[PDB]
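Chemist: Below are the structure tokens for one structure; questions will follow.
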Amino acid sequence: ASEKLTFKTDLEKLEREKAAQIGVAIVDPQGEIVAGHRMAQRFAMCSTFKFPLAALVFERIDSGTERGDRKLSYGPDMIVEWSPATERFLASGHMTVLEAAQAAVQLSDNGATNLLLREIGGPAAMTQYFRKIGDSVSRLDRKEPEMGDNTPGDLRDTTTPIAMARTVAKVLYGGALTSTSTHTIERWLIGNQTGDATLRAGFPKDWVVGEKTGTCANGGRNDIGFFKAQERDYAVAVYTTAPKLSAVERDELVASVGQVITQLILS
């Protein structure tokens, strides 16, 4: 109880001093709440939804409705802001399902994300997957980049910290995917290339952590994933809104949230 008070108080100090809102949920492998803050406030998902998108892809591979080596052809029309891998593979004319999903997860490649959306049936199909795994809250309404517009008050393209943390737990620990697909997506999250300065920078160096970042217009900076501490597994979702901070300061904010989480877990 005193440790939960310290957690709440320390997040609220960051919120006040940074003029920010911090949504956090930490859950155990079964989705039981360890701690949280603003945990049922809706926040724009930004690129965090690309982890659930990859889970959907793996579920279709597991079920036989998709193949990982299927070649997805495209032209320059599919290049959107921040498409590093899609741009490199453009001359060849395609990316495979698995190349696109790995680029979506580990580089946050937006063109690769839209290529997968085209293949799985668009935002409506992403939202149906959330519902299938018991998430009645998360919703994808648009493709990249407009799904990240983060207009104040807009419920499109949002989740809550608690819904998303429980979705992470279901995918990683709840048997949603084969052991093969679960291990592959977990290793992708550990090897994510875009999270070195966000949540994992605030965790002890010996914790196994994997995560997916997001950045939205209007000050959105998010990080969702899993960590293993003291032989316990956790799923975590952090959504923040800090319109007046710089990009680097928002990275520091999420890392500070990681430190506050660490202090709770250690205590």
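All chain A residue numbers match Swiss-Prot; in order, they span 18-284.
For all residues, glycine too, the Cβ spot is worked out from N, Cα and C.
The disulfide bond annotation in Swiss-Prot covers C63-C233 and is backed by experimental evidence. The active site, nucleophile annotation in Swiss-Prot covers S64 and rests on similarity to another entry. Taken from Swiss-Prot, the feature beta-lactam binding site applies to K67, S125, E161, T232, supported by similarity to another entry.
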Chemist: Return the residues near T232 (beta-lactam binding site) by Cβ distance under 8 Å, restricted to its own chain and a separation of at least 6 in sequence.
Modeler: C63, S64, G165, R238, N239, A264, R267
Chemist: Using the centroid of the Cβ atoms of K67, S125, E161, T232 as reference, list every other same-chain residue with Cβ within 8 Å of it (recorded beta-lactam site), in sequence order.
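Modeler: After dropping the recorded site residues, what remains is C63, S64, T65, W99, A121, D126, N127, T130, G165, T230, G231.
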Chemist: Test of understanding: give the count of other CB atoms lying within 10 angstroms of the CB of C233 (disulfide bond).
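Modeler: There are 23 such Cβ atoms around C233 (disulfide bond).
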Chemist: Here are the recorded positions: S64, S125. Which has the lowest count of other Cβ atoms within 10 Å?
Modeler: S125
Chemist: I want to check the contact list for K67 (beta-lactam binding site): same chain, sequence separation of six or more, C-beta distance under 8 angstroms. What comes out?
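Modeler: In sequence order, the residues whose Cβ lies under 8 Å from that of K67 (beta-lactam binding site) (at least 6 apart) are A121, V122, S125, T130, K229.
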Chemist: For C63 (disulfide bond), what is the tally of other C-beta atoms lying within 10 angstroms of its C-beta?
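Modeler: A count of 27.
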Chemist: Could you round the CA separation between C233 (disulfide bond) and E161 (beta-lactam binding site) to a whole angstrom and send it over?
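Modeler: Taking the Cα atoms only, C233 (disulfide bond) lies 11 Å from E161 (beta-lactam binding site).
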Chemist: Hey, what's the widest CA-to-CA gap across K67, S125, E161, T232, the beta-lactam contacts in the record, in Å?
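Modeler: Between the most distant Cα atoms of the beta-lactam site, 12 Å.
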Chemist: In DSSP terms, helix, strand or coil for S125 (beta-lactam binding site)?
Modeler: coil
Chemist: Relative to the Cβ position of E161 (beta-lactam binding site), how many further Cβ atoms are located within 10 Å?
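Modeler: For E161 (beta-lactam binding site), the count of other Cβ atoms within 10 Å is 23.
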Chemist: Going by DSSP, is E161 (beta-lactam binding site) part of a helix, a strand, or coil?
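Modeler: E161 (beta-lactam binding site) sits in coil per DSSP, no helix or strand.
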